[PDB]
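Novice:
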Amino acid sequence: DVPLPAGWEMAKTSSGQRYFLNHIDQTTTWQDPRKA
Amino acid sequence: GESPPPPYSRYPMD
């Protein structure tokens, strides 16, 4: 739950796209929520 | 400069 926030969609593309979804907020996030 | 990301609907990529 720490390496990957809970309620977040954690998926990284080999294209070099690290995206995180807020499955709670219904929002797309490009920048890692752990660094803010 | 990112290209549009996964749709929120259910799952990003299959």
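From first to last, the protein sequence lines are chains S and C. Residue 1 is where the first sequence starts when you use the numbering used here, and the numbers rise one by one after that. Residue 1 is where the second sequence starts when you use the numbering used here, and the numbers rise one by one after that. Even for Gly, the Cβ is constructed at its ideal location relative to N, Cα and C.
Please list the partners that S/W30 has in chain C, where partner means a Cβ-to-Cβ separation under 7 Å.
Specialist: Taking the first sequence and counting its residues from 1, one reaches residue 30 of chain S at position 30. Near S/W30 (Cβ distances below 7 Å), the residues of chain C are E2, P5.
Novice: Cβ of C/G1 versus every heavy atom of the ligand GDP: is any distance shorter than 7 Å?
Specialist: As presented, the structure is devoid of all ligands, the ligand GDP included, so that no description of it is given.
Novice: Would you tell me roughly how many angstroms separate the C-alpha atoms of C/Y8 and S/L21, rounded to the nearest one?
Specialist: In the second sequence, counting from the first residue as 1, residue 8 of chain C sits at position 8. In the first sequence, counting from the first residue as 1, residue 21 of chain S sits at position 21. If you take the alpha carbons of C/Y8 and S/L21, they lie about 7 Å apart.
Novice: May I have the straight-line CA-CA distance separating C/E2 from S/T13, to the nearest angstrom?
Specialist: Translated into the one-based positions of the second sequence, residue 2 of chain C becomes position 2. Translated into the one-based positions of the first sequence, residue 13 of chain S becomes position 13. Roughly 13 Å between the two C-alpha positions.
Novice: Would you mind stating whether C/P4 and S/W30 have Cβ atoms separated by less than 8 Å?
Specialist: The residue you call residue 4 of chain C lines up with position 4 of the second sequence. The residue you call residue 30 of chain S lines up with position 30 of the first sequence. No, the Cβ-Cβ distance between C/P4 and S/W30 is not below 8 Å.
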